Amino acid sequence: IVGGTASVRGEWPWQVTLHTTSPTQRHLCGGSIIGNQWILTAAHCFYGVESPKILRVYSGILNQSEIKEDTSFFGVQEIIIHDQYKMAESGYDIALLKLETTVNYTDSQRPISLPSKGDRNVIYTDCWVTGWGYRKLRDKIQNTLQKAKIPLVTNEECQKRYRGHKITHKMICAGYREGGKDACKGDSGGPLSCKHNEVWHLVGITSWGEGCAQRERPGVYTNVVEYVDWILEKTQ
Ligand SMILES: COC(=O)Nc1ccc(-c2cnn([C@H](CC3CC3)c3ccc(-c4c(-n5cnnn5)ccc(Cl)c4F)c[n+]3[O-])c2)cc1
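Read in order, the letters of the sequence shown correspond to residues 388 to 623 in UniProt numbering.
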């Protein structure tokens, strides 16, 4: 997260850190708890992943340095990548992880609601992007979960900034005209969370952008509301 600030324990209880264990253990991507056995993340995260055997999902983490050889985690039973996914910039950047067991919800690990049926025309003004990613294009993974408030921008403005890409209704863009706050390397797969009527909704999945926090270059997110049917079909 560029231009962000440190989170506190319990602040974003749906945020998970997805680790790979090959060839060494390390944070790979963010993700969001959306059900007791279900993580929503980005399909791009699994480019190099030979199978679910090498994944570990950690919840209730604030600092990466909390994770030791005895820290409990959830195994991944299945990776479900949208069957049209090809690359992040062309969309469908969405995946479900089915965990090997059910999360017991606690203060530190809680689900975030999907965008609600009938909210298709809500104007979200309180959106936040979170993660352990770089603070700049050439940085390192951050020990403490970072947060930044970023405004949504219209797809029409987003397309004008990305004339080499097809910005579709299955994408949602967010960023400041002058840059300064954005996701960056290591944040993808995590949530763009928006609070409406004091309820958090998983509005976006951190996906791609040209640079990090550049002027006139919004971050691009998977538009979760357009995948609710697909999620419900996979999880039901
Ligand atoms: C020691 O290093 C470790 O152990 N960890 C470590 C873990 C992951 C990575 C790493 C590198 N890239 N990525 C992902 C894509 C990869 C498949 C996972 C990625 C792509 C794009 C964006 C992104 C951007 N950016 C544009 N330019 N950069 N960011 C802008 C806006 C928005 Cl909205 C964005 F989403 C964010 N991420 O995360 C992850 C590096 C090191």
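Quick reminder that beta carbons are idealized off the backbone N, C-alpha and C, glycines included.
Problem - Nearest-angstrom Cα separation, counted from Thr411 out to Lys455 - result: The residue given as residue 455 occupies position 68 in the sequence shown. The residue given as residue 411 occupies position 24 in the sequence shown. Rounded to the nearest whole angstrom, the CA to CA distance from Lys455 to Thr411 is 14 Å.
Problem - Sheet register partners of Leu524 (DSSP bridge) - result: On the sequence shown, position 137 is the one that residue 524 refers to. Listed as beta-bridge partners of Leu524 by DSSP are no residues whatsoever.
Practice task
Compare the Cα-Cα distances from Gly577 to each of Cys514, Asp470, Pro605 and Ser594 and report the closest residue.
Solution key: For the purposes of this step, residue 577 is taken as residue 190 along the sequence shown, with counting starting at 1. Residue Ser594 is the option with its Cα nearest to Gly577.
Practice task
Leaving out five residues on either side along the sequence, give the residues of the same chain with a beta carbon under 7 Å from the beta carbon of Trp401.
Solution key: Along the sequence shown, one-based indexing puts residue 401 at 14. Scanning its chain for C-beta atoms nearer than 7 Å, with the 5 sequence neighbours on each side dropped, one finds around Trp401 the residues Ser419, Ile420, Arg497, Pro498, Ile499 and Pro578, in chain order.
Problem - Three-state secondary structure (DSSP) of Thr411 - result: Mapped onto the sequence shown, residue 411 falls at position 24. The answer is coil: DSSP assigns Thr411 none of H, G, I, E or B.
Problem - Strand pairing of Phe460, partner residues [DSSP] - result: As a working note, residue 460 is residue 73 in the sequence shown. According to DSSP, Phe460 bridges with nothing at all.
Exercise for the section: Would you give the residue range spanned by the alpha helix (DSSP H) that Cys545 belongs to? Expected result: By one-based count along the sequence shown, residue 545 stands at place 158. Counting along the chain, the alpha helix (DSSP H) containing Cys545 begins and ends at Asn542 to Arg548.
Problem - Candidates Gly566, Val540, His556 and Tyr479, of which the one nearest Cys514 by Cα - result: Against the sequence shown, residue 514 aligns to sequence position 127. Per the Cα distances, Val540.
Problem - Where the beta strand (DSSP E) containing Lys621 begins and where it ends - result: In the sequence shown, counting from the first residue as 1, residue 621 sits at position 234. It is not in any beta strand (DSSP E) - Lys621 instead sits in the alpha helix (DSSP H) that spans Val615 to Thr622.
Handout entry: Reduced DSSP secondary structure (H/G/I, E/B, other) of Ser575
Key = Mapped onto the sequence shown, residue 575 falls at position 188. DSSP places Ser575 in the coil class of the three-state scheme, outside both helix and strand.
Problem - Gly390 versus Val612: straight-line alpha-carbon distance, rounded - result: Position 3 of the sequence shown, counted from the start, is the residue given in the question as residue 390. Position 225 of the sequence shown, counted from the start, is the residue given in the question as residue 612. Each residue's Cα considered, the two are about 27 Å apart.
Exercise for the section: Find out if the Cβ-Cβ distance for the pair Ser580, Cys416 is shorter than 7 Å. Expected result: As a working mapping, residue 580 is identified with position 193 in the sequence shown. As a working mapping, residue 416 is identified with position 29 in the sequence shown. In terms of Cβ geometry, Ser580 and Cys416 do not form a close pair [threshold 7 Å].
Practice task
Between the Cα of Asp480 and those of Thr517, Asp616 and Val607, spot the shortest distance and give me the residue it belongs to.
Solution key: As a first step, residue 480 is located in the sequence shown; it is residue number 93 there, counting from the start. Among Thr517, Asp616 and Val607, the Cα nearest to that of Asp480 is on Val607.
Handout entry: Length of the line joining the Cα atoms of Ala570 and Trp519
Key = As a working mapping, residue 570 is identified with position 183 in the sequence shown. As a working mapping, residue 519 is identified with position 132 in the sequence shown. It is roughly 10 Å from the alpha-carbon of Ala570 to the alpha-carbon of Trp519.
Exercise for the section: Report the option in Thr404, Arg548 and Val586 whose CA atom is closest to the CA atom of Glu565. Expected result: Indexing the sequence shown from 1 puts residue 565 at position 178. The alpha carbon of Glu565 has as its nearest neighbour, out of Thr404, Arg548 and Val586, the alpha carbon of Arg548.
Exercise for the section: Please report how far the alpha carbon of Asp616 lies from the alpha carbon of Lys504, in whole angstroms. Expected result: Start at 1 with the first residue of the sequence shown, and residue 616 comes out as number 229. Start at 1 with the first residue of the sequence shown, and residue 504 comes out as number 117. C-alpha separation (whole angstroms): 11 Å.
Practice task
Assuming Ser394 and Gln533 form a contact by the criterion Cβ under 8 Å, report the distance between their Cβ atoms to the nearest whole angstrom.
Solution key: Residue numbering aside, residue 394 sits at position 7 when the sequence shown is read from its first letter. Residue numbering aside, residue 533 sits at position 146 when the sequence shown is read from its first letter. Right, their Cβ atoms sit about 7 Å apart.
Exercise for the section: Identify every residue that forms a DSSP beta bridge with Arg443. Expected result: In the sequence shown, counting from the first residue as 1, residue 443 sits at position 56. For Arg443, which the question treats as bridged, DSSP gives the partners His406.
Practice task
Return yes when the C-beta of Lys536 is under 6 Å from any heavy atom of ligand 1, and no when it is not.
Solution key: Locating residue 536 in the sequence shown gives position 149, where the first residue counts as 1. No, the Cβ of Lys536 stays beyond 6 Å of every heavy atom of ligand 1.
Practice task
Compute every distance between the C-beta of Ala430 and the non-hydrogen atoms of ligand 1, then say whether any falls below 6 Å.
Solution key: One-based indexing of the sequence shown puts residue 430 at position 43. Judged by the Cβ position, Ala430 fails to qualify as a neighbour of ligand 1 at the 6 Å threshold, every heavy atom of the ligand being at least this far.
Handout entry: Sequence-distant residues of its chain with Cβ nearer than 7 Å to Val586 (five each side left out)
Key = One-based indexing of the sequence shown puts residue 586 at position 199. Non-local C-beta neighbours of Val586 in its own chain, meaning closer than 7 Å and more than five positions away in sequence, comprise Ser500, ordered along the chain.
Handout entry: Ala430 in three-state terms, based on DSSP
Key = Your numbering for residue 430 matches position 43 in the sequence shown. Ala430: helix per DSSP, three-state reduction.
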